[PDB]
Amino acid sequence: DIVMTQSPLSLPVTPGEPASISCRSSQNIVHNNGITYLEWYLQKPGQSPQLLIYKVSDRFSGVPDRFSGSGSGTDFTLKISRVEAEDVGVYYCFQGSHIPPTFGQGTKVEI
């Protein structure tokens, strides 16, 4: 099973100050087709987790421009231009190219 390791595990960002979360897959994760199903999920306090980014860098529907994803092969990172109060929660990088799909440990970002 592909293991995804995120760092930091805790990220208390001062409001307004930018941020970034690292994630490294234990193996190349591009599917047999050409797609790398590496995604980022945010679970805000007590809410169902929601999709932020897919295909490593494509932002999901109503997600703000503050978020963006980058990386390839081994390393991938999530980045928030200006962390706001409502951005708090546990961020998870996810890979669905290989069965079983796996999630990272989750990074808890706090103001």
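Numbering starts at 1 and follows the sequence shown.
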With respect to the recorded C-alpha B factors, which stretch has the higher mean value, 1 to 9 or 100 to 108? 1 to 9
When mean C-alpha B-factors in the record are compared for 53 to 61 and 75 to 83, the larger belongs to 75 to 83
Quick one: which of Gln47, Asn28, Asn32, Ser70 shows the highest Cα temperature factor in the PDB entry? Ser70
Is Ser20 in the lowest, middle or highest third of its chain when residues are ranked by C-alpha B-factor? highest
